[PDB]
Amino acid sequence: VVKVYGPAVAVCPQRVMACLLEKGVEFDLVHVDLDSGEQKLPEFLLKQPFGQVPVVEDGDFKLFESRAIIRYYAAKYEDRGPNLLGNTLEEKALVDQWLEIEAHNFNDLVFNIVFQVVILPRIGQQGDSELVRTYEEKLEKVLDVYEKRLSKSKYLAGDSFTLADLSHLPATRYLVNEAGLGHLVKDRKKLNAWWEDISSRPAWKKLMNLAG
């Protein structure tokens, strides 16, 4: 059975969990206590040498980097559940393009907003409000491009839900809830409808209700 390492409430393990749930892959979650620095202990560094989560162990196979992991399980269980990769090479390419947009243009801004507004105060530290404002300004412009895309396509990589949409679920949920920046989605009609659609998927609702 697949072992997934990391907290269920953290963005990066959530991305992996969402894919496994969508694909109907049974897994065991192994909590890693990030606040206390368990991820930097020698024992865990043998699993993930950069001292980050997630990492998966599946028999004698080990893999880390969340977006590598979701690609692997989407392919390994390609014929089970939803088509998360696309079929033609050109369809697959658009999924890859919007995964790459997620992983830099979007996440570099969004995860750092969540870090400053949510993570730091939770471990008793002050966030940098002026830095957060610079991120917000940049993110408006990034999300204007998302809105343009979603005016022409139901989902980011085409007319169906794929890894590209899935990969946005964890950081976006923190952005529009704990971080109080829901307007970035609500201000944009197509983006908002996309968000309310993908975040209502049964696999995601399951994952978030368990997390609290």
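All residue numbers are counted from 1 along the displayed sequence.
Stretches 40 to 48 and 147 to 155 differ in mean C-alpha B factor, with the higher average recorded for 40 to 48. In this entry, 18 to 26 shows the higher mean Cα temperature factor of the pair 192 to 200 and 18 to 26. Among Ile123, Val95, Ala74, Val142, the highest C-alpha B-factor recorded in the PDB entry belongs to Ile123.
Taking only the listed residues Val117, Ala103, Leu85, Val110, the entry reports the highest CA temperature factor at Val117.
The PDB entry assigns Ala10 a C-alpha temperature factor belonging to the middle third of its chain's modelled residues. The PDB entry assigns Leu184 a C-alpha temperature factor belonging to the middle third of its chain's modelled residues. Sort the modelled residues of the chain by CA B factor and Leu131 lands in the highest third.
Per-chain ranking of the deposited C-alpha B factor places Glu57 in the middle third.
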